[PDB]
Amino acid sequence: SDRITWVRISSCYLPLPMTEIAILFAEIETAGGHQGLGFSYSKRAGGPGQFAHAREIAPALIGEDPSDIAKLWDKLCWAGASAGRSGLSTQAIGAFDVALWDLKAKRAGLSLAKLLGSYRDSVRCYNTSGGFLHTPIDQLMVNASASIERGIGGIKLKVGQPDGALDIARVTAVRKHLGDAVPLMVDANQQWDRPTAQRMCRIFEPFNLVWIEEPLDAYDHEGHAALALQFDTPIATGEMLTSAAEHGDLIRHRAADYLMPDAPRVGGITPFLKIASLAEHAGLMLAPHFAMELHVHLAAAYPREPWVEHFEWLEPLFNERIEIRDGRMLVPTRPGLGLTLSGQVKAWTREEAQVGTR
Amino acid sequence: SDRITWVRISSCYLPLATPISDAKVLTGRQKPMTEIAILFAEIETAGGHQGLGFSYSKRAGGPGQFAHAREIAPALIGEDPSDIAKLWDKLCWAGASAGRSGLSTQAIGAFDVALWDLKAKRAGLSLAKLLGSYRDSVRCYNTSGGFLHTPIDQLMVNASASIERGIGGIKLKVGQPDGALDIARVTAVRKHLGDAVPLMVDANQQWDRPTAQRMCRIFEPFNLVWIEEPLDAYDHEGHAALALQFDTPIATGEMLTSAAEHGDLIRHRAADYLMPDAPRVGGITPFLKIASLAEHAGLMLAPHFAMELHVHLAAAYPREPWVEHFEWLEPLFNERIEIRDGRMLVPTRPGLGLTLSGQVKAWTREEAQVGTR
Ligand SMILES: O=C(O)[C@@H](O)[C@H](O)[C@@H](O)[C@@H](O)C(=O)O
Ligand SMILES: O=C(O)[C@@H](O)[C@H](O)[C@@H](O)[C@@H](O)C(=O)O
Ligand SMILES: [Mg+2]
Ligand SMILES: [Mg+2]
Ligand SMILES: [Mg+2]
Ligand SMILES: [Mg+2]
């Protein structure tokens with residue numbers, strides 16, 4: 001069979017008090033001439049950690065059959081056995097895992113979505129239109145309308161400030177400005193305690209929001225389950241979880257209507273697929289967090305209509321762009337992820353290492 | 001209001017006297033373990049107080065731990081050293097996308113341990129007394145350098161030697177393809193040492209459910225202190241089923257890297273003896289949470305590795321614990337653990353009572369520091 005002969009990893013600081021995002025890129029090449037590209041990231045601390053671990057375990061891939069992806073995921077995990085099956089170690093593993101899936105799809109001359117098997121050619125999308133809790137409503141409404149004009153399918157508004165009546169008034173304003181035909185979601189970013197979340201969720205019910213995201217602390221599964229059980233409005237959460245096991249807990253507690261796994265954060269496509277499988281089984285919906293260039297493919301393979309958020313943050317890393325039209329994000333049709341590194345990455349790369357022969 | 005003013009971290013690669021080669025090595029799927037990467041943390045305050053802490057990685061993970069610790073370290077400067085759990089949370093939040101387990105929290109654990117060391121010293125108490133102890137000595141055991149592939153006669157001699165020097169029990173590695181072989185080996189050790197020497201076995205996750213069922217059943221009449229890691233570290237339902245059926249205590253947990261994971265073991269009643277590793281779970285703070293959950297569930301404790309730290313933690317547990325004696329980390333420190341009549345003496349010096357040995361500098365590959373002393 002084929003075998004991995006070369007691997008290169010690099011830490012790229014993408015310029016945007018978040019001033020930059022640390023990206024970990026993984027490049028894998030095989031004796032058969034096949035190639036794959038993958039990545040993971042860290043918004044805050046963690047970039048140097050992911051890279052250092054990735055650099056130490058990369059050699060374990062040399063000589064292995066690229067097609068046995070899950071097997072390799074497990075092998076690299078064992079390479080750092082005392083490091084755990086979550087967190088920084090598996091996120092570093094994720095960059096390689098994504099590269100291998102990219103490579104396999106390309107081997108089949110198919111987009112990642114088609115390799116996995118698709119249910120749709122485009123996915124519903126939304127954005128925050130640069131909106132923040134401190135953004136004047138007037139400014140946000142304008143930016144939101146511009147997004148709808150450009151094809152976005154929904155708007156997610158930040159909420160969770162001490163004065164809840166203010167958030168309610170802000171959402172009412174956007175609803176009036178955009179009309180009942182524009183879907184809206186709110187993200188409390190874990191800012192409410194249980195009683196407040198109960199009161200805020202009850203007030204939002206008549207608004208018919210698509211979902212209320214992270215009303216509680218990321219690990220308060222029982223709290224989230226209680227909210228979901230009681231309210232019609234879907235509860236969304238999961239972006240902070242870093243393993244299939246943590247998502248498994250959410251599902252077991254029925255703490256989320258919309259699961260929000262982040263492939264890079266949970267250790268790559270392999271663990272993401274196991275989470276998606278558990279979610280499908282449990283009858284849940286999917287709303288992947290961040291990294292649309294990767295999640296658009298993963299969402300396309302989910303059986304029930306998902307939502308993917310449009311972000312411009314990572315665009316500069318790649319030559320290709322995502323296309324949006326009429327409230328939906330088009331699933332790329334190029335082989336694999338359909339991504340190649342922009343020449344600009346050269347300037348932002350702070351660390352790099354390679355092993356094997358090309 | 002004291003404040004942290006200086007922090008120093010270093011990555012020390014400790015050479016091992018003898019390489020560790022498990023089944024994976026013998027089957028040619030991995031290299032023998034010949035060193036351990038230690039992450040050392042030193043914290044100093046305006047009030048002049050000092051603390052030393054550490055974490056470690058057996059296989060890959062050292063560079064990652066150090067790298068992360070270096071990036072979050074400055075977040076300690078200016079903070080009150082006494083608010084330990086608060087600071088644990090703060091550093092965790094500084095790398096919130098990294099999760100609450102694994103490499104990130106193991107890096108945090110090195111600082112956490114230094115803070116506890118510093119608080120104990122501030123009170124002029126050993127860590128054990130700071131927490132409150134239930135005993136001045138803890139039952140101990142060792143492997144006597146025995147491995148699955150060590151000649152039985154040699155293992156028995158070394159084991160007799162350990163007992164002679166005061167060790168209180170012997171843990172034997174089992175789990176090879178041919179189970180009858182493991183049985184005969186335990187039988188020989190039992191015969192060589194006598195009925196009065198406690199014995200435990202470690203399968204190191206090598207059995208599948210049906211095999212574990214059969215081996216545990218054969219081992220019942222041996223009255224072992226415990227059968228450790230008979231299954232995969234995450235097969236909670238399998239461990240619980242074994243524990244429920246057999247009298248012999250089931251021990252596991254050394255591979256877990258967070259309070260939440262140990263919480264899962266306890267919830268499933270997957271272990272009679274919980275084996276948390278403070279460094280691996282994120283330090284003393286998470287360890288204490290685990291111990292409280294364990295005490296409440298009525299379980300027993302058998303901390304994994306790092307005796308220099310776990311001797312203090314075991315002393316603070318209500319029910320009689322077991323701590324394993326290892327000589328691996330000794331070269332790193334000037335102090336030594338005392339063993340007598342089957343128990344290891346809880347150190348009485350302030351804090352953890354550890355000071356870096358002169359040999360540590362030479363083994364230091366990476367280091368950094370922030371703030372001024
Ligand atoms: O859902 C989201 O994208 C937010 O919840 C972000 O992940 C958040 O951490 C932060 O990056 C932001 O943009 O407010
Ligand atoms: O219980 C133990 O100490 C063993 O299970 C070790 O942790 C093991 O990983 C290995 O280091 C060994 O000593 O065989
Ligand atoms: Mg969010
Ligand atoms: Mg509901
Ligand atoms: Mg063990
Ligand atoms: Mg039992």
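Residues numbered from 1 in each chain as written, not as in the entry; some residues may be left out. Chains lettered and ligands numbered in written order. Heavy atoms only, no water.

Method of determination, as given in the entry header: X-ray crystallography; reported resolution: 2.00 Å.

J.: Can you help me understand the overall build of chain A in this one?
T.: Regarding its fold elements, chain A presents 13 helices and 14 strands. The C-alpha atoms of chain A give 20 Å as radius of gyration, which agrees with the globular expectation for 358 residues (21 Å, within 12%). With the C-alpha coordinates aligned to their principal axes, the bounding extent of chain A is approximately 60 × 40 × 40 Å. A total accessible area of about 13700 Å² is found for chain A, and carbon and sulfur atoms account for 52% of it. Averaging the locations of the 35 positively and 42 negatively charged side chains of chain A gives two centres separated by 3 Å. (Helix = DSSP H or I, 4+ residues; strand = E, 2+ residues; numbered from the N terminus. Rg over C-alpha atoms; globule rule 2.2 N^0.38 Å. Areas by Shrake-Rupley, 256 points an atom, 1.4 Å probe, with all protein chains shown as cover. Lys, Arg positive; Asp, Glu negative; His and termini not counted. Charge placed at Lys NZ, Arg CZ, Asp CG, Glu CD.)

J.: I would appreciate a short explanation of the pairing of strand β1 (residues 4–15) of chain A in the present structure.
T.: Residue and element names in this part refer to chain A. Where burial is concerned, most of β1 is hidden: 11 out of the 12 residues are buried. In terms of strand pairing, β1 meets strand β2 (residues 20–30) through 11 bridges, oriented antiparallel. What sits directly across from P15, in β2, is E20. Where β1 meets strand β14 (residues 349–356), 7 bridges bridge the pair, whose relative direction is antiparallel. Paired with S11 across the two strands is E351, which belongs to β14. (Buried < 20%, exposed > 50% of the residue type's maximum accessible area, 1.4 Å probe, protein only. Pairing = 2+ DSSP bridges.)

J.: Mind showing me how you'd approach the site of ligand 1 here?
T.: Residues and elements named next belong to chain A. Every residue close to ligand 1 is listed here: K43, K156, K158, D187, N189, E213, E239, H289, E309, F311 and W313. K43 places a side-chain nitrogen or oxygen 2.8 Å from an oxygen atom of ligand 1. For ligand 1, an oxygen atom lies 3.4 Å from a polar atom in the side chain of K158. In the complex, the protein chains occlude 83% of the 350 Å² of accessible area that ligand 1 would expose alone. For the shell around ligand 1, the class distribution of residues is 2 nonpolar, 2 polar and 7 charged. (Near = heavy atom within 4 Å. Polar contact = N/O pair within 3.5 Å; in protein donor to acceptor, adjacent residues only side chain to side chain. Nonpolar A, V, L, I, M, F, W, Y, C, P; charged D, E, K, R; others polar.)

J.: When you look at the pattern of salt bridges in this model, what are you seeing that I'm missing?
T.: All names here are of chain B. Counted according to the given criterion, the structure contains 40 salt bridges over all chains. Between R135 and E320 there is a salt bridge, with its nearest N and O atoms 3.5 Å apart. Residue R135 is located in the loop between α5 (127–131) and β4 (137–141), and its partner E320 is located in the loop between α13 (307–315) and β11 (322–324); the two are separated by 185 residues in the primary sequence. Looking at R135, the relative accessible area reads 11%, which means it is buried. Given the relative accessible area of 30%, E320 is considered partly exposed. Where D235 meets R209, a salt bridge forms, and the shortest distance between an N and an O atom there is 2.8 Å. (Salt bridge = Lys/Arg side-chain N within 4 Å of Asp/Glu carboxyl O.)

J.: I tried to follow the interface of chain A and chain B on my own but got confused; where do I start?
T.: How big an interface is tends to be expressed through the accessible area that disappears when the partners come together. Facing 31 residues of chain A, the contacting portion of chain B comprises 31 residues. Contact between chain A and chain B buries roughly 2400 Å² in total, counting both sides, with carbon and sulfur atoms accounting for 57%. Taken together, the links from chain A to chain B amount to 0 salt bridges. If you look at where chain A meets chain B, you find 8 residue pairs in polar contact. For the side of chain A that touches chain B, the secondary-structure elements that each account for two or more residues are α1 (47–57), α2 (69–79), α3 (88–107) and α9 (244–253) of chain A. The residue inventory of the side of chain A that touches chain B, partitioned by class, reads 11 nonpolar, 13 polar and 7 charged. (Contact = heavy atoms within 4.5 Å. Buried area = accessible area lost by both parts, 1.4 Å probe.)

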